[PDB]
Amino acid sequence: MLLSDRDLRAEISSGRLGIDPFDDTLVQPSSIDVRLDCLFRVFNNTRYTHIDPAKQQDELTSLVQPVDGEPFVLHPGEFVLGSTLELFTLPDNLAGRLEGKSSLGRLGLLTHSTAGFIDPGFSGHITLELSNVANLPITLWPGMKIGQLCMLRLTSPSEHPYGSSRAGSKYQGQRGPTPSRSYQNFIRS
């Protein structure tokens, strides 16, 4: 059960769903278009021998912000982390999906959102996994529409929503593209 434009608007006007800033001209038949922030993480480390999800490696990426008025250039075959300009606050009874946009995929710009869902209870900017699969670099402009948020009704309110100690959540409140915290509570056999 995916929220139509009208119901998305109702969740926003009722204050159940926070989107800051909210621009109503971005609402779409079945989603709301979202915008790109000015914060990027590039994989440009030159000391580590490998990535180990069980280990903390905060230096794996560098935080990069382009000069005001300039794009970040995503190179062919490159993957970076970006972030939404908007801060989202979800209630305990909706879950979102942060998808890409067809216009952007037609240019070879892919938003992966590998994890699929934004969890009930989540509040923060959303970290975007961005790939360029074209043969040419792509100028990414801070502020451009980069994807769309779709909301699904939960069957019932989540018992221990994102942010709760019991969920063990890692990214509640994030203001940028937080480096991975997979090493926390990491398990292996």
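Quick note: we count residues from 1 along the sequence shown, nothing fancier.
Quick check on the record: does 149-157 or 134-142 carry the larger mean Cα temperature factor?
According to the PDB entry, the answer is 149-157.
Look up the CA B-factors in the entry and say which stretch, 96-104 or 72-80, has the higher mean.
That would be 96-104.
Sorting by Cα B-factor within the chain, modelled residues only, which third would residue 110 end up in: lowest, middle or highest?
CA B-factor rank for residue 110: lowest third.
Once the chain's modelled residues are ordered by C-alpha B factor and cut into thirds, is residue 53 in the lowest, middle or highest one?
Its C-alpha B-factor belongs to the lowest third of this chain's values.
Taking only the Cα B-factors deposited for this chain, tell me whether residue 67 sits in the lowest, middle or highest third.
Highest third, going by the recorded CA B-factors of the chain.
Please rank the C-alpha B-factors of the chain's modelled residues and tell me whether residue 3 sits in the lowest, middle or highest third.
Bottom third by C-alpha B-factor.
Among the modelled residues of this chain, does the Cα B factor of residue 33 put it in the lowest, middle or highest third?
Within its chain, residue 33 is a middle-third residue by C-alpha B-factor, going by the deposited values.
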